[PDB]
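J.: PDB entry and its sequence, pasted below:
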Amino acid sequence: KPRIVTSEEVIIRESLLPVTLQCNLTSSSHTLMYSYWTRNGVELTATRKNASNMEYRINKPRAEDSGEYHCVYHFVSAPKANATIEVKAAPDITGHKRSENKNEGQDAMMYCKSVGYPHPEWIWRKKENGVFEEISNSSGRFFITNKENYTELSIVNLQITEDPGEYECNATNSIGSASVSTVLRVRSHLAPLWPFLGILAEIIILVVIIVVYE
Amino acid sequence: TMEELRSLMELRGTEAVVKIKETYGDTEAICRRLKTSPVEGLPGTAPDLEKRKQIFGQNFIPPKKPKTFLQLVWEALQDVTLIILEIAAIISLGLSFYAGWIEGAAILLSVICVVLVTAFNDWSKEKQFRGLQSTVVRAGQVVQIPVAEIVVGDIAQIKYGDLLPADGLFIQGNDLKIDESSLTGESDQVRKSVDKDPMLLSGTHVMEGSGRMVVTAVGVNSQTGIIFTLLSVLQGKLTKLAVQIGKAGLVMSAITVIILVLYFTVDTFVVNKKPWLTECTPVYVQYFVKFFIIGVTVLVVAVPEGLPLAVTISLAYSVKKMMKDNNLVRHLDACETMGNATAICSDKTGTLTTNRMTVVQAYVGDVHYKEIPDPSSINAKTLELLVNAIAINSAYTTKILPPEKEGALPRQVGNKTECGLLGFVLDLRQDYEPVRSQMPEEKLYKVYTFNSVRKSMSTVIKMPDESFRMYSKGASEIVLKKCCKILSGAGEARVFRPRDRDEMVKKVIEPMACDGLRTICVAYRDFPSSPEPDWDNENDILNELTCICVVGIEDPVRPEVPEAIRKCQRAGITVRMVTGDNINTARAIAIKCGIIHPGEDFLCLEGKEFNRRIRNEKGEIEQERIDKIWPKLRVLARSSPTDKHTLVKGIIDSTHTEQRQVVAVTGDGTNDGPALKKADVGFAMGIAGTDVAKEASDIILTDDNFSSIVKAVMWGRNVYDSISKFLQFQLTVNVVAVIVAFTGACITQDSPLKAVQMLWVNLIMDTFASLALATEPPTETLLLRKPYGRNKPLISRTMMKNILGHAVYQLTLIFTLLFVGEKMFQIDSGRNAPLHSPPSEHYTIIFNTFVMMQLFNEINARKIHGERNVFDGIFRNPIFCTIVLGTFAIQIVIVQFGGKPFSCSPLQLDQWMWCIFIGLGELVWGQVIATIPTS
Ligand SMILES: Nc1ncnc2c1ncn2[C@@H]1O[C@H](COP(=O)(O)OP(=O)(O)NP(=O)(O)O)[C@@H](O)[C@H]1O
Ligand SMILES: *[C@@H]1O[C@H](CO)[C@@H](O)[C@H](O)[C@H]1NC(C)=O
Ligand SMILES: *[C@@H]1O[C@H](CO)[C@@H](O)[C@H](O)[C@H]1NC(C)=O
Ligand SMILES: *[C@@H]1O[C@H](CO)[C@@H](O)[C@H](O)[C@H]1NC(C)=O
Ligand SMILES: *[C@@H]1O[C@H](CO)[C@@H](O)[C@H](O)[C@H]1NC(C)=O
Ligand SMILES: *[C@@H]1O[C@H](CO)[C@@H](O)[C@H](O)[C@H]1NC(C)=O
Ligand SMILES: *[C@@H]1O[C@H](CO)[C@@H](O)[C@H](O)[C@H]1NC(C)=O
Ligand SMILES: [Ca+2]
Ligand SMILES: [Mg+2]
């Protein structure tokens, strides 16, 4: 088994200093063919050389760079050795919908996608009386799905009197936590009736003024 | 060849006589070469026309028509207002590629529409003018032939007022005088004669006399054809208004761009520290591009590109619709000048009367009949003499013809007073044929011509053996006093003395005149003839007459003019009458018309008094003397053709009254040339009008009615009104629009209305308001307002009150929405959106409300005079309804399926209903603002 010595894990802060990740193939009796860096199972571009010792430099480290890095060593007649250098950093929410407007008696969908590593734990909250409480499944109409980035909250058979409000994903991780908010509004069924009663109230007083004038 | 004859007649001098004598002799020596029989004439057969016109080629082809549709498009493209729009579209299209392109197309579309419409209407107008305006007295045959055909050899009969259609050698005639200023530039009356100057020229006007001509050639080789081939106060005010609006719009656009750039730079660089990194240069220029485009679009909104289109559309619509009202317009600017008309100087006969002469009263047998009598009532030995003295007296060509069409009246063809006399004779159950047939020119030798100088026509007949029989018809005052006996009683020849005739004048003549009857007198004489009388001394050869009977002819006043004149006087227009009849008859008819009312102080002075009282210093004409007459003058009797001209000149040029006067003159005749051109607008007569009076006028009346003139006045006022209402609507829109932009750049850092939406608003307002508000049909309410002044401003008080009130309502609603729409609708605020951001439905609501308010205010902008019932007459103009409904549907589709390119997000049903609610509220606010006194 080839021996690979790797650099220590790095926590990406707001500092602009470039970060260098190092692997050294210290012991190998096989004719090495090539080597490459990989991030989250994706081979980084232009990282294939001889590289019996291999380096990767990040000039502007950001939270989007952090991930589970590997330096894979492919040999002529030996199985590959991968190893792992984890680059930890706090998570950041990169995508959400500002508001969700839906008719009563319909479904609602909200999501909070984020970037970081190690991948976070998604929990949702609901703002009541000025403070954020935990979501409650007290009617079986709430569905929460959790993934690495994606989280999804779904509501069925919206109720105008209870559901509307602001919800908040929470994205926690050993480095830190981040959160954003989404406003859900449920529209009444009798909405298109009040303006109609207005329009009539303008016609039957626009006529009255005219015919009296004649 | 015609070329030799043309070169011969080109001399135009006293040498022509010599040449004609030295080479061509008289007319008949070489008339055979032209292939023409003078006395016999030409039947008018096609083979004869082909044989005599083997090398004619063609007639005078109409002008080349260099104005094609493409030429008109190019001409209308270089308009001052459209240059700005097309330049700005070019800048926008160039600046886009760096959906921005969707901006430029909008501007382009506007320009395209305008130019197309303009070109189309212009071309249409030209075709109409060619179609409407293209029997000639030069007939050849004894029967009249149509004007179109013109041949070489035809024998023209020329009368006073004929416009000469071709060139020809003179043959015979009496005292022919012609105005040749159309060719020489000299306005002196050339007297034509075989022995001095026998040529007759196309395009010259016959001022006096009559004759015949043998045309040298049909071929249009006359000097006038050769030279012709060789060849708006409202508009000024509107141009001034357009340039002022453009300047204000330019200033506002520049200020908006400066404010936006200042905000961006100060906020991004000074308040917050950000260095000018080169990598961010594209973003920093995209911002600038956006700001610039916003400014540009504001300018193209503020520029009024629909004003000239509105003017041309209203003028073309009115000109086309006048033709179905018996007015055909030649000069376009006369359509709107008639709106301001403040005086009309018409003539009695032809226009105010039906010009049909009938006999209703008589004074025969020393008895006054008010109705046509039985033939037995009148004693014998007198009826025969009356028939002899009427049938043979004058103008054997005044034949009476049956109508023979839909039971019409027996229209007359000759001198109308003599026609009425023949009608009276026929109504006595007699016939003039057994008298005229037995008396041809055979013994008819001594005839005195009829003219206004003598007002009488006399003939001598040789039939009485060893005697003569003089006949005379006179104006009851020139001729009546010349008689010496009365055929009264049972044929008795009582002695006529100055004593009893004075009482007779006040007994029968005065009541006849007061009934509106023109009084004429018939007299006869018998010369002994044993010594031949020397008949050249008119003073004595017309005396010693014997009056047979006195008859009063009449022509009824048209049934429509008593109300047309009333409408004219209600609309502030004063109408005067100029006539050649005696003062009594003129006053009697002017009372029936309504021109002068029985109780008032209105002058009715004659022509001689008029000339005497306006010339104090020798014969000089003084404006001060005229200014004391024309304000209170209604009837001008026994006038002269120059009297009408001097009255028009005195009225127009006067600076005495508080308001400048614009007059209209109705004319018909030879000498109504200068009087009909000094006036501001001239009306020629349709059927009774000569060619000289038709080529100097501005409008021609097809039906000859005076009541047509009033229609013209109405159709003038409508034109003005149309422009006014358009202006109203347009101004309101752009005011709000501009203000919104200038308040979007200060409170926020972006205009609430994007560039493409503002271009849609500009398209609606300018193009469609010009097309829809400028075709309003006229109503009878227009003829109830005093004529407008000269320096009256376009933006009247009510128009600016409407502009301010509706702008106030629209501005408050738009600002309230822009700042509280996130909470009123619960729709998430769209303010402070970053660059390249998805559209929101907070701003789509503002755009939709703006457009709906504009449409519901376009409905309001159809009333300028404070009228409350806006929907009055809305269905008489289908263009308005079509355009408004089409715009509404297009707005719906733009908001719904018109997303990211138009910056519009789809709306639900209640938001649409709220937008419509606010528009109808604009209608109700229009109702509110109408109940405010502008005084
Ligand atoms: N055939 C006629 N023979 C003799 N006198 C006539 C004849 N016709 C008209 N008169 C009279 O002689 C004058 C001729 O004037 P005329 O040319 O008919 O115009 P007017 O009637 O005077 N004016 P106007 O109605 O405007 O054309 C008038 O005084 C008539 O009364
Ligand atoms: C790099 O080159 C050395 C020297 O030839 C060789 O031993 C080694 O296997 C190579 N590694 C590769 C090609 O990955
Ligand atoms: C790791 O490899 C690099 C690159 O060759 C080398 O400089 C460094 O000394 C190596 N470190 C160790 C501990 O072998
Ligand atoms: C390398 O192989 C190991 C075997 O345990 C595996 O866990 C790891 O994910 C592999 N690395 C990559 C980048 O696939
Ligand atoms: C809520 O209860 C329903 C019905 O038992 C279940 O399907 C759903 O997954 C539950 N959701 C949560 C977040 O507990
Ligand atoms: C989330 O993880 C998936 C793999 O499941 C990856 O394809 C995607 O790029 C990640 N990020 C986002 C923002 O979806
Ligand atoms: C997420 O947890 C962190 C840590 O307390 C906090 O900053 C954030 O507000 C939390 N989220 C919610 C939804 O309360
Ligand atoms: Ca415009
Ligand atoms: Mg006359």
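T.: Thanks, I have the structure now. Numbers count the residues shown, from 1 in each chain, chains lettered A, B, ... in the order given. Ligands and ions are numbered 1, 2, ... in the order given.
J.: residues in contact with stretch B:741-749?
T.: For stretch B:741-749, the surrounding residues in contact (CB atoms under 8 Å, 6 or more residues apart in numbering or on different chains) are B:252, B:255-256, B:259-260, B:263-264, B:267, B:294, B:298, B:750-753, B:815, B:831-832. Quick note: C-beta positions are derived from backbone N, CA and C, even for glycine.
J.: Show me these that map onto helices.
T.: Counted as lying in helices by DSSP state H, out of these, are B:252, B:255-256, B:259-260, B:263-264, B:294, B:298, B:815.
J.: returning to that earlier point: quick one: buried ones out of the contacts of stretch B:741-749?
T.: Buried residues within the contacts of stretch B:741-749, counting neighbours by 16 or more other CB atoms under 10 Å in any protein chain shown: B:252, B:256, B:259-260, B:263-264, B:294, B:298, B:750-753, B:815, B:831.
J.: which of these lies closest to residue B:568?
T.: Using CB to CB, residue B:252 comes nearest to residue B:568 of these, at 46.8 Å.
J.: residue contacts, residue 11?
T.: I'll assume chain A. Here residue A:11 is in contact with A:88-89, A:175 (CB under 8 Å, 6+ apart).
J.: um, chain B though
T.: residue B:19.
J.: State the distance from it to ligand 7.
T.: Residue B:11 is 114 Å from ligand 7, where distance means CB to the nearest ligand atom, to the nearest Å.
J.: In a strand, that residue, correct?
T.: No: applying DSSP: H, G, I helix; E, B strand; the rest coil, one finds residue B:11 to be coil, outside a strand.
J.: which phi and psi does it have?
T.: For residue B:11, the backbone dihedrals (degrees, to the nearest 10) come out as phi -60, psi -50.
J.: Roughly how far does it sit from ligand 6?
T.: Distance from residue B:11 to ligand 6, by CB to the nearest ligand atom: 104 Å.
J.: show me what contacts the residue nearest to residue A:151 when sequence neighbours are not counted?
T.: Spatial nearest neighbour of residue A:151, excluding adjacent residues (CB to CB, 6 or more residues apart in numbering or on different chains): residue A:122 at 3.6 Å. When contacts are counted by CB under 8 Å, 6+ apart, residue A:122 touches A:112, A:144, A:146, A:151, A:169-171.
J.: among these, which ones are buried?
T.: Buried among the contacts of residue A:122 by 16+ other CB under 10 Å: A:112, A:151, A:169-171.
J.: Just the closest of the residues you listed to residue B:632, please.
T.: For the buried ones among the contacts of residue A:122, the nearest to residue B:632 is residue A:112 (95.0 Å; CB to CB).
J.: before we move on, back to that, can you tell me which two in the contacts of residue A:122 are farthest apart?
T.: A:144 and A:171 (13.8 Å).
J.: Show me how chain A divides into domains.
T.: With domains defined by automatic domain parsing, chain A comprises A:3-83, A:92-189.
J.: right, so of these, which gets closest to residue B:156?
T.: domain A:92-189 (90.3 Å).
J.: What is the end-to-end distance of that closest one?
T.: Its first and final residues considered, domain A:92-189 spans 38 Å by CA to CA, to the nearest Å.
J.: Likewise for stretch B:330-343?
T.: Taking CA to CA, the first and last residues of stretch B:330-343 lie 21 Å apart.
J.: and if you look at stretch A:27-41?
T.: Stretch A:27-41 has an end-to-end distance of 24 Å (CA to CA).
J.: Stretch A:76-90 vs ligand 3: in contact?
T.: No: Stretch A:76-90 is not in contact with ligand 3 by CB under 6 Å from any ligand atom; minimum separation 12.9 Å.
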